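Before any questions on binding or motion, here is one chain by itself as C-alpha cells, the form deposited in one PDB entry.
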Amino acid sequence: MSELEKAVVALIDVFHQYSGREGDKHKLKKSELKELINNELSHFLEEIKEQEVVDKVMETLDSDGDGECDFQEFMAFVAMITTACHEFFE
C-alpha cells in the first residue's frame, strides 16, 4: 500500500466515522460535519463554535440541497481544502 493509496483509504475512512453517527449513515448532517471539521481539520480550518458557521459551511458544500453532505460533496470539500493548502505554499 503506497502513500497515495493510504490517502484514498483515509478519506473513505474518515467520512464513515462521522456519517454513520446519526440519521442517514451515508451522509454528514450538520452536527457530524462540525465534529469532523473540529476534530480532523484542526490545523487547516478554524474550530467551528457558532451555529451560524456550521450552517454556512453546510450551505456551501450542500450542492444538491438536501441539508446534508454526501460522499460526492465530501470529496469536493476535500479538493477545496487540498487546493487551498497547495496554494498556501507559493
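Throughout, we count residues from 1 along the sequence that is shown. Between two forms, the rigid core is defined as the largest C-alpha subset superposing within 1.5 Å.
- Return whichever of 2-10 or 81-89 has the larger RMS Cα deviation from the displayed form in 6 other deposited structures of this protein, where every structure is aligned on the rigid core. With the rigid core superposed, the C-alphas that lie farther in 6 other deposited structures of this protein are those of 81-89.
- Message: Please compare 21-29 with 67-75 and name the stretch with the higher mean C-alpha B-factor in the deposited structure.
- Response: It is 21-29 that shows the higher mean C-alpha B-factor.
- Item | CA B-factor placement of residue 39, once the chain's modelled residues are sorted into thirds | For residue 39, whose C-alpha B-factor we compare with every modelled residue in the chain, the answer is the lowest third.
Quick note: we don't show the form deposited with a partner chain bound, though the next part is all about it.
- Task: With heavy atoms only and a cut-off of 4.5 Å, decide whether residue 46 touches its partner chain in the bound PDB entry.
- Result: Looking in the bound PDB entry, residue contacts with its partner chain include residue 46, since a heavy atom lies within 4.5 Å.
- Item | Contact label in the bound PDB entry: residue 60 to its partner chain, heavy atom within 4.5 Å | Yes, residue 60 lies within 4.5 Å of its partner chain in the bound PDB entry.
- Any chance residue 31 has a heavy atom within 4.5 Å of its partner chain in the bound PDB entry? Because no heavy atom of residue 31 falls inside 4.5 Å of its partner chain in the bound PDB entry, the answer is no.
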